[PDB]
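Read the single chain below, which is given as structure tokens and is the form deposited in one PDB entry.
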């Protein structure tokens, strides 16, 4: 009946469903609300989820994980080549694509990353079906905001292979914002910072929500920073302590290191709520029992550099979004590692004591929002687009930013581009792209009779006026003569849907770097030509 929302993560995945007016995070066959993104191949069977991770020490060369780091990418990507050196399983090239290679029932088998992701999605689908007691078909799957079209199509194909109808691919930070209802808040546009610290990845996203529209302003972070690194800091600390007390290095014994790491991770999770935790391991190495403790302050000291360095991607995302820290309206914690009190204190002090949105389980908020969006897609006055004019080089110069309260009036001064320019062609465009090629022409009019003058000397005042009904009047005045011209543009008729605005905003997101590189190509910013650039001859 209902559609599910799936957070397909690198190490863990989550599935939720909106029923009875409530989002429910679905527990698996072992009772866990999150399922490891592991696929294991043995002599007899294919294990997925908890069963696959529970035997990783026994079958490490045939237990696949972190397949999300490969999906949508080609084999010769530097990211893939760098990640291959850290995995116990083999990665091979097949016509320019990476594949994981394992042994299964005594035969060598290779799978594309989307195939392993399809196995994980099959597990999540079966979990949802066991919970709901019916076949689940429609689903919303989330991806990192920095995913390109290829990676998103690969994730959708992974969904399709698993028998899922992928209604839509949405961004994980957007899903986290939807779970908190930040798109349903009253007032002007809101700036949202999603701080996502999981088991092995760290993602900072800066979005702007305006009239229910999500625009990804910036993304940053560290693809190899998570709770596993904190566990490893603890493990090295305790190995040093054991070597210092009992004069023995336990690094030689793999099982001792495994037991120590499990104890350290559990003690870390304890330290999120207590100021100290105990480590009790019987016969850790050479019969010696290891019974010790660790304070929260010592744990923070062991991870001081990583904890404090989480703030640098925040600064980078703020700079790339052209926003001050005080301009952020909402802060959303996602990922289990955000339960660490020192991380929360660092983030809150950085924002001068602002409260953090953390009431939703940070391991489940992405699947929460995905389920909300799946239920929406299954059944559950401001300006819509930026308005501007074409300036020299055919670039878009915006006078009324998107999501501006009407009625409004905005005036800007422009000038001529060539010497002795007799007139200017005011060309009104609507869109979120830097070049007028990729925007929508609404109208144009000419302003002639400009007295001969050098370039940059004449002054042309251009005014955009939007009344309460949305009727757009654009006027141009020669400031040296008072001569004027104008045009009226009917901004009505329901010509745009919410999906149209979302598509235009996401296309502006996709070509952000090229739009920036071509916007600053022209030297002057308020120079008007006399012709239409998009109708000029080019090779």
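The term rigid core refers to the maximal set of C-alpha atoms that superpose within 1.5 Å between the two forms. Residue numbers count along the first chain shown, from 1.
- In at least one third of the other compared structures of this protein with flanking residues present, residue 380 is left unmodelled.
- In this entry, no coordinate-free residues of the deposited sequence separate residue 301 from residue 302.
- Averaged over Cα atoms, the B-factor as recorded in the entry is higher for 446-454 than for the other of 172-180 and 446-454.
- Here the stretch with the larger average CA B-factor, out of 422-430 and 285-293, is 285-293.
- When the Cα B-factors of 107, 265, 222, 390 are read from the PDB record, 107 comes out highest.
- Within the listed group 335, 309, 187, 227, the record reports its top CA B-factor for 187.
- In the deposited entry, the Cα temperature factor of residue 528 places it in the middle third of its chain's modelled residues.
- Ranked by Cα temperature factor within the chain, residue 345 sits in the lowest third according to the deposited record.
- Residue 64: CA B factor in the middle third of modelled residues in this chain (values from the PDB entry).
- Remark: residue 326 belongs to the lowest third of its chain, ranked by C-alpha B-factor as recorded.
- When the modelled residues of the chain are ordered by C-alpha B-factor, residue 461 sits in the lowest third.
The same protein has a further form, the form deposited in another entry, not shown here; the description that follows concerns it.
- Relative to the superposed rigid core, residue 529 undergoes a CA displacement of at least 2 Å between this form and the one not shown.
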